[PDB]
Amino acid sequence: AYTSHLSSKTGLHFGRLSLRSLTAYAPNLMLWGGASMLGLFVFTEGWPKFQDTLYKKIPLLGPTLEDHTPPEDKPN
Amino acid sequence: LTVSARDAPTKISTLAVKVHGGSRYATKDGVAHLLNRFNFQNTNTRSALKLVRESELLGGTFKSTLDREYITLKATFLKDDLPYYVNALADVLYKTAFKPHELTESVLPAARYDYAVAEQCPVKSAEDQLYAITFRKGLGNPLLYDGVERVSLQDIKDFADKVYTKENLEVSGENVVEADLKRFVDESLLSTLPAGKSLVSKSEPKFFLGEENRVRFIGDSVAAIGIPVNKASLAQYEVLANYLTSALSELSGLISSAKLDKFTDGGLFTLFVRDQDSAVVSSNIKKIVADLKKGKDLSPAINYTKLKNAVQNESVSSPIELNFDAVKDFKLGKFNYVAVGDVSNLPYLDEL
């Protein structure tokens with residue numbers, strides 16, 4: 001058949017940002033979320049508040065953070 | 001309003017609209033060149049950007065070309081988008097916007113680029129003067145616009161009102177159904193154009209013989225000669241051009257180019273010699289002129305020129321019908337002469 005016109009629509013967007021570009025970038029923006037949690041654990045390892053609720057419950061790397069000094073060896 | 005088409009089982013189609021609005025009908029110097037570079041700008045219903053983006057998604061392109069006789073609007077597209085491109089060309093000839101800022105930002109800078117490119121070639125310069133001294137005010141009008149004569153926006157609008165008329169244009173198509181094209185040409189804005197008059201004049205134009213001109217130029221030296229041709233001697237000069245640039249002639253090594261430009265009322269024969277050293281240009285042009293004065297036998301080149309003419313006419317749709325069966329001899333008479341380059345070391349007309 002003969003075509004005499006083009007049929008089209010307009011995609012949802014706001015400025016330089018579009019819905020299609022957001023959908024393509026969405027799976028990779030979650031990996032960057034997980035790469036920032038991993039980098040946060042590295043820098044808060046010495047914080048004892050985070051040790052007692054998160055890091056000491058790791059199966060193999062957990063117990064190696066516990067201190068085993070007897071009370072008779074501590075002045076405070 | 002002539003409509004014709006040829007059919008074929010292919011994928012691509014071509015549509016052309018030829019208007020008798022070339023440089024030979026220009027009221028002011030270069031006004032036809034300026035109308036060529038406004039052909040696919042904004043219209044009163046669709047923008048230039050919208051047309052480019054829409055046709056790209058449909059598979060088509062647009063172009064406009066200018067010569068001394070025609071202005072041609074062409075569209076190449078896929079075979080099934082025919083009605084879309086009929087109306088796109090109809091809107092161009094009907095309702096072009098002609099905005100003051102389109103001329104300043106798009107049209108004038110495009111025309112400056114065309115003029116600067118052609119000015120750097122000495123062969124284009126020598127051909128322009130040959131047209132100027134042979135025909136003075138008809139075919140001798142300048143092709144491109146250079147700003148020597150002032151052309152305003154109203155001048156371009158006036159020129160379009162005169163050449164874009166229903167009796168002055170033809171519509172042709174390749175790999176297009178003719179019955180369908182005629183339907184779409186009607187019920188279109190082409191059928192509502194003013195019915196003016198054909199600008200074509202049947203009488204033979206006035207020509208001049210024995211003229212000369214010289215232009216100083218930095219680059220390659222060029223020597224050229226030109227001969228006006230009537231309607232009944234077009235075939236004789238068609239064989240001569242092919243013979244002079246073929247292996248059958250000993251002068252083909254000294255000749256850079258040679259052609260016959262054909263019109264509906266006559267033609268012009270051109271021959272060019274181009275070299276960097278002006279001593280070779282002076283020597284080659286003297287040998288060519290002396291040899292042509294004695295006379296040449298063109299019968300051996302008739303069969304060769306029949307095939308070459310078939311090659312060119314495949315693309316064209318309305319070629320000049322020629323015979324070639326009665327071409328026997330040739331002897332040079334009177335001619336015009338132009339020298340471009342280092343003119344102080346190039347010969348004059350009286351020395352040839």
# chains A, B, ... in the order shown; residues from 1 in each chain; ligands from 1

call {"tool": "interface_residues", "arguments": {"of": "chain B", "to": "chain A", "cutoff": "8 Å", "atoms": "only C-alpha atoms", "output": "number ranges by chain"}}
result
B: 54, 58, 80-84

call {"tool": "residues_around", "arguments": {"residues": "residue 227 in chain B", "least_positions_apart": "4", "cutoff": "8 Å", "atoms": "only C-alpha atoms", "output": "ChimeraX atom specification"}}
result
/B:209,268-270,334-336

call {"tool": "residues_around", "arguments": {"residues": "range 155-166 of chain B", "least_positions_apart": "3", "cutoff": "6 Å", "atoms": "only C-alpha atoms", "output": "list in words"}}
result
residues 1, 21, 152, 193, 194, 195 and 196 of chain B

call {"tool": "select_by_dssp", "arguments": {"residues": "range 52-144 of chain B", "states": "strand (DSSP E or B)", "output": "VMD selection string"}}
result
chain B and resid 60 to 66 71 to 78 96

call {"tool": "write_last_selection", "arguments": {"atoms": "N, CA and C atoms", "output": "PDB file, in the first residue's frame"}}
result
ATOM      1  N   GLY B  60      14.292   8.736   2.304  1.00  0.00           N
ATOM      2  CA  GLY B  60      14.348   9.588   1.130  1.00  0.00           C
ATOM      3  C   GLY B  60      15.232  10.793   1.353  1.00  0.00           C
ATOM      4  N   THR B  61      15.576  11.449   0.244  1.00  0.00           N
ATOM      5  CA  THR B  61      16.442  12.619   0.255  1.00  0.00           C
ATOM      6  C   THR B  61      15.932  13.635  -0.758  1.00  0.00           C
ATOM      7  N   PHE B  62      16.514  14.833  -0.717  1.00  0.00           N
ATOM      8  CA  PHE B  62      16.094  15.946  -1.556  1.00  0.00           C
ATOM      9  C   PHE B  62      17.320  16.658  -2.106  1.00  0.00           C
ATOM     10  N   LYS B  63      17.129  17.350  -3.227  1.00  0.00           N
ATOM     11  CA  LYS B  63      18.206  18.112  -3.842  1.00  0.00           C
ATOM     12  C   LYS B  63      17.618  19.094  -4.845  1.00  0.00           C
ATOM     13  N   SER B  64      18.374  20.158  -5.114  1.00  0.00           N
ATOM     14  CA  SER B  64      18.031  21.133  -6.142  1.00  0.00           C
ATOM     15  C   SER B  64      19.298  21.558  -6.867  1.00  0.00           C
ATOM     16  N   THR B  65      19.222  21.621  -8.196  1.00  0.00           N
ATOM     17  CA  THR B  65      20.377  21.904  -9.034  1.00  0.00           C
ATOM     18  C   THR B  65      20.039  22.994 -10.041  1.00  0.00           C
ATOM     19  N   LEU B  66      21.042  23.806 -10.366  1.00  0.00           N
ATOM     20  CA  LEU B  66      20.895  24.934 -11.273  1.00  0.00           C
ATOM     21  C   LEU B  66      21.871  24.812 -12.433  1.00  0.00           C
ATOM     22  N   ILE B  71      15.987  24.800 -13.564  1.00  0.00           N
ATOM     23  CA  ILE B  71      16.076  24.580 -12.126  1.00  0.00           C
ATOM     24  C   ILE B  71      15.367  23.263 -11.853  1.00  0.00           C
ATOM     25  N   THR B  72      16.063  22.327 -11.216  1.00  0.00           N
ATOM     26  CA  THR B  72      15.568  20.965 -11.069  1.00  0.00           C
ATOM     27  C   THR B  72      15.430  20.606  -9.598  1.00  0.00           C
ATOM     28  N   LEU B  73      14.249  20.124  -9.221  1.00  0.00           N
ATOM     29  CA  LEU B  73      13.978  19.615  -7.883  1.00  0.00           C
ATOM     30  C   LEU B  73      13.831  18.103  -7.972  1.00  0.00           C
ATOM     31  N   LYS B  74      14.641  17.380  -7.205  1.00  0.00           N
ATOM     32  CA  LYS B  74      14.728  15.931  -7.314  1.00  0.00           C
ATOM     33  C   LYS B  74      14.543  15.283  -5.950  1.00  0.00           C
ATOM     34  N   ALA B  75      13.913  14.110  -5.949  1.00  0.00           N
ATOM     35  CA  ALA B  75      13.707  13.334  -4.733  1.00  0.00           C
ATOM     36  C   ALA B  75      13.965  11.864  -5.020  1.00  0.00           C
ATOM     37  N   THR B  76      14.827  11.249  -4.217  1.00  0.00           N
ATOM     38  CA  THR B  76      15.116   9.823  -4.293  1.00  0.00           C
ATOM     39  C   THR B  76      14.592   9.155  -3.031  1.00  0.00           C
ATOM     40  N   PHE B  77      13.781   8.113  -3.194  1.00  0.00           N
ATOM     41  CA  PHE B  77      13.078   7.523  -2.064  1.00  0.00           C
ATOM     42  C   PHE B  77      12.785   6.057  -2.352  1.00  0.00           C
ATOM     43  N   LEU B  78      12.236   5.374  -1.352  1.00  0.00           N
ATOM     44  CA  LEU B  78      11.778   4.005  -1.521  1.00  0.00           C
ATOM     45  C   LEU B  78      10.440   3.994  -2.249  1.00  0.00           C
ATOM     46  N   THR B  96       6.673  28.599  -0.189  1.00  0.00           N
ATOM     47  CA  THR B  96       7.940  28.838   0.488  1.00  0.00           C
ATOM     48  C   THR B  96       7.858  30.122   1.308  1.00  0.00           C
TER      49      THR B  96
END

call {"tool": "atom_distance", "arguments": {"atom1": "CA of residue 147 in chain B", "atom2": "CA of residue 117 in chain B"}}
result
15.4 Å

call {"tool": "residues_around", "arguments": {"residues": "residue 176 in chain B", "least_positions_apart": "2", "cutoff": "8 Å", "atoms": "only C-alpha atoms", "output": "NGL selection string"}}
result
:B and (5-8 or 13-14 or 79 or 173-174 or 178 or 180-181)

call {"tool": "atom_distance", "arguments": {"atom1": "CA of residue 67 in chain B", "atom2": "CA of residue 22 in chain B"}}
result
5.6 Å

call {"tool": "closest_residue", "arguments": {"among": "A:25, A:14, A:41, A:32", "to": "residue 54 in chain A", "atoms": "only C-alpha atoms"}}
result
A:41

call {"tool": "residues_around", "arguments": {"residues": "residue 118 in chain B", "least_positions_apart": "5", "cutoff": "12 Å", "atoms": "only C-alpha atoms", "output": "JSON, numbers by chain"}}
result
{"B": [111, 112, 113, 123, 124, 125, 126, 127, 128, 143, 144, 145, 146]}

call {"tool": "write_last_selection", "arguments": {"atoms": "N, CA and C atoms", "output": "tab-separated table (two decimals), in the first residue's frame"}}
result
chain	number	residue	atom	x	y	z
B	111	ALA	N	25.67	30.45	-0.77
B	111	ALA	CA	26.03	30.95	-2.09
B	111	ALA	C	27.48	31.42	-2.15
B	112	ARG	N	28.00	31.96	-1.05
B	112	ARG	CA	29.40	32.38	-1.02
B	112	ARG	C	30.33	31.18	-1.17
B	113	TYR	N	29.97	30.04	-0.57
B	113	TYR	CA	30.79	28.85	-0.68
B	113	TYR	C	30.84	28.34	-2.12
B	123	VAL	N	39.44	26.55	-15.37
B	123	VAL	CA	38.64	26.05	-16.47
B	123	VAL	C	37.20	26.55	-16.39
B	124	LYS	N	36.66	26.65	-15.17
B	124	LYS	CA	35.33	27.24	-15.02
B	124	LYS	C	35.33	28.72	-15.39
B	125	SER	N	36.42	29.43	-15.10
B	125	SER	CA	36.50	30.84	-15.47
B	125	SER	C	36.51	31.01	-16.99
B	126	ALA	N	37.31	30.20	-17.69
B	126	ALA	CA	37.42	30.34	-19.13
B	126	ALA	C	36.12	29.98	-19.84
B	127	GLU	N	35.37	29.04	-19.29
B	127	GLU	CA	34.08	28.69	-19.88
B	127	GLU	C	33.06	29.80	-19.69
B	128	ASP	N	33.12	30.51	-18.57
B	128	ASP	CA	32.18	31.60	-18.32
B	128	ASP	C	32.37	32.74	-19.31
B	143	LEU	N	26.35	32.54	-14.19
B	143	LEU	CA	25.64	31.44	-13.56
B	143	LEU	C	25.47	31.67	-12.06
B	144	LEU	N	26.57	31.94	-11.36
B	144	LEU	CA	26.56	32.08	-9.91
B	144	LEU	C	26.48	33.55	-9.50
B	145	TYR	N	26.14	33.75	-8.23
B	145	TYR	CA	25.96	35.07	-7.65
B	145	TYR	C	27.24	35.50	-6.95
B	146	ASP	N	27.70	36.71	-7.24
B	146	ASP	CA	28.94	37.22	-6.66
B	146	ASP	C	28.80	38.58	-5.98

call {"tool": "select_by_dssp", "arguments": {"residues": "range 51-210 of chain B", "states": "alpha helix (DSSP H)", "output": "PDB file with C-alpha atoms, in the first residue's frame"}}
result
ATOM      1  CA  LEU B  51      11.077  17.790   6.627  1.00  0.00           C
ATOM      2  CA  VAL B  52      14.641  16.484   6.985  1.00  0.00           C
ATOM      3  CA  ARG B  53      13.817  14.462  10.106  1.00  0.00           C
ATOM      4  CA  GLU B  54      10.579  13.024   8.709  1.00  0.00           C
ATOM      5  CA  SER B  55      11.979  11.865   5.365  1.00  0.00           C
ATOM      6  CA  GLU B  56      14.988  10.229   7.032  1.00  0.00           C
ATOM      7  CA  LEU B  57      12.638   7.887   8.897  1.00  0.00           C
ATOM      8  CA  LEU B  58      10.866   7.115   5.598  1.00  0.00           C
ATOM      9  CA  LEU B  82       5.357   8.225  -3.607  1.00  0.00           C
ATOM     10  CA  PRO B  83       2.426  10.389  -2.364  1.00  0.00           C
ATOM     11  CA  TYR B  84       4.514  11.854   0.469  1.00  0.00           C
ATOM     12  CA  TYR B  85       7.213  13.219  -1.844  1.00  0.00           C
ATOM     13  CA  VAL B  86       4.755  14.584  -4.418  1.00  0.00           C
ATOM     14  CA  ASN B  87       3.270  16.952  -1.832  1.00  0.00           C
ATOM     15  CA  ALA B  88       6.686  17.874  -0.413  1.00  0.00           C
ATOM     16  CA  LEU B  89       7.760  19.175  -3.826  1.00  0.00           C
ATOM     17  CA  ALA B  90       4.353  20.774  -4.444  1.00  0.00           C
ATOM     18  CA  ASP B  91       4.673  22.765  -1.212  1.00  0.00           C
ATOM     19  CA  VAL B  92       8.114  24.054  -2.224  1.00  0.00           C
ATOM     20  CA  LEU B  93       6.854  25.596  -5.473  1.00  0.00           C
ATOM     21  CA  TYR B  94       3.706  26.934  -3.765  1.00  0.00           C
ATOM     22  CA  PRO B 100      14.368  37.731   6.079  1.00  0.00           C
ATOM     23  CA  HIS B 101      16.559  35.767   8.510  1.00  0.00           C
ATOM     24  CA  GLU B 102      16.706  32.655   6.316  1.00  0.00           C
ATOM     25  CA  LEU B 108      23.781  33.837   1.498  1.00  0.00           C
ATOM     26  CA  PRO B 109      26.573  31.861   3.262  1.00  0.00           C
ATOM     27  CA  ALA B 110      25.757  28.848   1.073  1.00  0.00           C
ATOM     28  CA  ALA B 111      26.034  30.951  -2.092  1.00  0.00           C
ATOM     29  CA  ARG B 112      29.402  32.375  -1.022  1.00  0.00           C
ATOM     30  CA  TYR B 113      30.792  28.848  -0.682  1.00  0.00           C
ATOM     31  CA  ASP B 114      29.666  27.895  -4.197  1.00  0.00           C
ATOM     32  CA  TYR B 115      31.203  31.017  -5.722  1.00  0.00           C
ATOM     33  CA  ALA B 116      34.523  30.581  -3.905  1.00  0.00           C
ATOM     34  CA  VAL B 117      34.837  26.955  -5.048  1.00  0.00           C
ATOM     35  CA  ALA B 118      34.211  27.718  -8.727  1.00  0.00           C
ATOM     36  CA  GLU B 119      36.523  30.744  -8.663  1.00  0.00           C
ATOM     37  CA  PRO B 122      40.633  28.337 -14.158  1.00  0.00           C
ATOM     38  CA  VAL B 123      38.637  26.045 -16.475  1.00  0.00           C
ATOM     39  CA  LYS B 124      35.331  27.243 -15.016  1.00  0.00           C
ATOM     40  CA  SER B 125      36.502  30.840 -15.475  1.00  0.00           C
ATOM     41  CA  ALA B 126      37.423  30.337 -19.134  1.00  0.00           C
ATOM     42  CA  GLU B 127      34.080  28.686 -19.876  1.00  0.00           C
ATOM     43  CA  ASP B 128      32.183  31.602 -18.320  1.00  0.00           C
ATOM     44  CA  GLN B 129      33.868  34.166 -20.575  1.00  0.00           C
ATOM     45  CA  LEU B 130      33.273  31.979 -23.635  1.00  0.00           C
ATOM     46  CA  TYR B 131      29.551  32.079 -22.871  1.00  0.00           C
ATOM     47  CA  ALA B 132      29.742  35.831 -22.230  1.00  0.00           C
ATOM     48  CA  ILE B 133      31.457  36.856 -25.469  1.00  0.00           C
ATOM     49  CA  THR B 134      29.498  34.471 -27.722  1.00  0.00           C
ATOM     50  CA  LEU B 153      14.638  39.479  -0.769  1.00  0.00           C
ATOM     51  CA  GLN B 154      11.754  40.930  -2.787  1.00  0.00           C
ATOM     52  CA  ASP B 155      13.724  40.284  -5.986  1.00  0.00           C
ATOM     53  CA  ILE B 156      13.888  36.563  -5.197  1.00  0.00           C
ATOM     54  CA  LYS B 157      10.171  36.500  -4.360  1.00  0.00           C
ATOM     55  CA  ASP B 158       9.364  38.252  -7.644  1.00  0.00           C
ATOM     56  CA  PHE B 159      11.502  35.831  -9.659  1.00  0.00           C
ATOM     57  CA  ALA B 160       9.755  32.817  -8.118  1.00  0.00           C
ATOM     58  CA  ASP B 161       6.333  34.279  -8.956  1.00  0.00           C
ATOM     59  CA  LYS B 162       7.368  34.388 -12.623  1.00  0.00           C
ATOM     60  CA  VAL B 163       9.008  30.982 -13.165  1.00  0.00           C
ATOM     61  CA  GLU B 178       2.453   6.626 -14.492  1.00  0.00           C
ATOM     62  CA  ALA B 179      -1.257   6.265 -13.705  1.00  0.00           C
ATOM     63  CA  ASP B 180      -0.568   6.687  -9.984  1.00  0.00           C
ATOM     64  CA  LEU B 181       1.722   9.674 -10.560  1.00  0.00           C
ATOM     65  CA  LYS B 182      -0.940  11.478 -12.600  1.00  0.00           C
ATOM     66  CA  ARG B 183      -3.494  10.974  -9.822  1.00  0.00           C
ATOM     67  CA  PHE B 184      -1.128  12.362  -7.180  1.00  0.00           C
ATOM     68  CA  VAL B 185      -0.022  15.284  -9.368  1.00  0.00           C
TER      69      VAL B 185
END

call {"tool": "atom_distance", "arguments": {"atom1": "CA of residue 49 in chain A", "atom2": "CA of residue 66 in chain A"}}
result
12.8 Å

call {"tool": "residues_around", "arguments": {"residues": "residue 51 in chain A", "least_positions_apart": "4", "cutoff": "10 Å", "atoms": "only C-alpha atoms", "output": "PyMOL selection string"}}
result
chain A and resi 41+44-47+55-57+62+65-66

call {"tool": "closest_residue", "arguments": {"among": "A:34, A:27, A:67, A:18", "to": "residue 48 in chain A", "atoms": "only C-alpha atoms"}}
result
A:67

call {"tool": "residues_around", "arguments": {"residues": "range 281-288 of chain B", "least_positions_apart": "6", "cutoff": "12 Å", "atoms": "only C-alpha atoms", "output": "JSON, numbers by chain"}}
result
{"B": [220, 221, 222, 223, 224, 225, 244, 249, 250, 251, 252, 253, 254, 255, 256, 271, 272, 273, 274, 275, 294, 295, 296, 332, 337, 338, 339, 340, 341, 342, 343, 344, 345, 346, 347, 348, 349, 350, 351, 352]}

call {"tool": "closest_residue", "arguments": {"among": "B:172, B:318, B:4, B:45", "to": "residue 16 in chain B", "atoms": "only C-alpha atoms"}}
result
B:172
